[PDB]
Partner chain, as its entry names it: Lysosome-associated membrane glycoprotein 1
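Read the single chain below, which is given as structure tokens and is the form deposited without the partner chain.
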């Protein structure tokens, strides 16, 4: 039989994309404009959370299922196809909260996902040699199968209840639906490889969103160049320059955030559900960076507009990195089982890692405060941080050594 690892990777390489799809409507967007933008942000966040919950269920499922073969791979592909429709169905439901057809479609999506997962469980247990070794030696194989089936089919059951009740009173259906996401929390390790794969996929997609847009839209047209720019191609490129600047900033920020994430996870011994939650929040907010940078690159009709956009960029960068730092703190709370020895309290790289993770929250906080105190140079300082933070990463060892030496003579 097969080594399941690669297959799971592909699933993540799929789910990441499905998780991030609803970002694109946000970027392409221009009481009317602001409300619409906020609606798109809310829809994107909810879709990302839903896809993350589905991914968590998948990760647990294939944690139980150790090895795989042909039929398991095909059923996993079918499950992936069913999960791919969650963004679209959810968007339909939200855009049409009145008619029951939308909630019915979303509930059918969830039901299909859970049914495929239950079929996978049944096939795996019918061939115990596929299951993980601890499950194989589990004397509760029948009871364990019963419990796993209950867990997997709870979601579909609640969704079926919501669908039936939608024909009469939809609020009950909505409550039953949120129950699906609530109960698994209300009534554990996430295999590090799965978390790493999903996070890397999300980071890559978010980093290359803006170049995707640029290649799809900005490539000059010879007719346009000859007519509007009178054949001066360099003028045509300088016209779209701002999108290049925004992409440069987005790639810098997202790449350095991924660098901090990589440094953190290199020393993590054993992930946890709490770290999973915090990582999910961190990624959901990392998704916002391209929007912030697009807004920054755009014109500012009034000083207040530019100040507000700088505020938003700083706030997004903060929210993105603060949860990443909180992951590290939560790990420190269970240091013995969570983190490598080299990053324990007083460890050789403990302070270095702390600075590496806290570099972005602190810089963003200073930039945000600049708006409340130094509105004169506010935007400028923002630009400065965009160049300051990368440099500190190159010099991080020397910078931390300087800080420690300064504290020595304090």
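Residue numbers count along the first chain shown, from 1. What we label the rigid core is the largest C-alpha set whose atoms superpose within 1.5 Å from one form to the other. Residues that one form lacks are left out of the comparison.
Enquirer: What about residue 260, left without coordinates in a third or more of the other entries of this protein that model its neighbours?
Expert: Counting only entries that model residues on both sides, residue 260 is resolved in every one of them.
Enquirer: Does residue 165 go missing in at least one third of the other entries compared here?
Expert: yes, residue 165 frequently unmodelled elsewhere, at least a third of entries.
Enquirer: What does the record say about the segment between residue 30 and residue 31: how many deposited residues are without coordinates (none, 1 to 3, 4 to 9, 10 or more)?
Expert: In the record, 4 to 9 residues between residue 30 and residue 31 lack coordinates.
Enquirer: Unmodelled residues of the deposited sequence between residue 187 and residue 188: none, 1 to 3, 4 to 9, or 10 or more?
Expert: Gap size class: 10 or more residues without coordinates, per the record.
Below, we refer to the form deposited with the partner chain bound, which is not included among the displayed structures.
Enquirer: With heavy atoms only and a cut-off of 4.5 Å, decide whether residue 137 touches the partner chain in the deposited complex.
Expert: Contact with the partner chain, no.
Enquirer: Does at least one non-hydrogen atom of residue 38 fall within 4.5 angstroms of the partner chain in the deposited complex?
Expert: Contact with the partner chain, no.
Enquirer: Give a yes or no for residue 298: in the deposited complex, does one of its heavy atoms lie within 4.5 Å of a heavy atom belonging to the partner chain?
Expert: Answer no; every heavy atom of residue 298 is more than 4.5 Å from the partner chain in the deposited complex.
Enquirer: Can any non-hydrogen atom of residue 143 be found within 4.5 angstroms of the partner chain in the deposited complex?
Expert: Answer no; every heavy atom of residue 143 is more than 4.5 Å from the partner chain in the deposited complex.
Enquirer: Spot the stretch among 113 to 121, 313 to 321, 143 to 151, 269 to 277 with residues whose non-hydrogen atoms come within 4.5 Å of the partner chain in the deposited complex.
Expert: The contacting stretch is 313 to 321.
Enquirer: Check each of 190, 292, 325, 130 and return the one that places a heavy atom within 4.5 angstroms of the partner chain in the deposited complex.
Expert: Contact residue from the list: 325.
Enquirer: Within 4.5 Å of the partner chain in the deposited complex, counting any non-hydrogen atom, which residues from 341 to 374 show up?
Expert: The stretch touches the partner through 345, 350, 354, 365, 368, 372.
Enquirer: Quick one: with the rigid core lined up, which of 81, 219, 142, 333 moves its CA 2 Å or more between this form and the one not shown?
Expert: Only 142 moves by 2 Å or more at its C-alpha.
Enquirer: Taking only residues present in both forms and a 2 angstroms threshold on CA movement, what segments of three or more in a row shift between this form and the one not shown once the core is aligned?
Expert: Residues 137 to 143, 301 to 304, 402 to 410 form the runs that move by 2 Å or more between this form and the one not shown.
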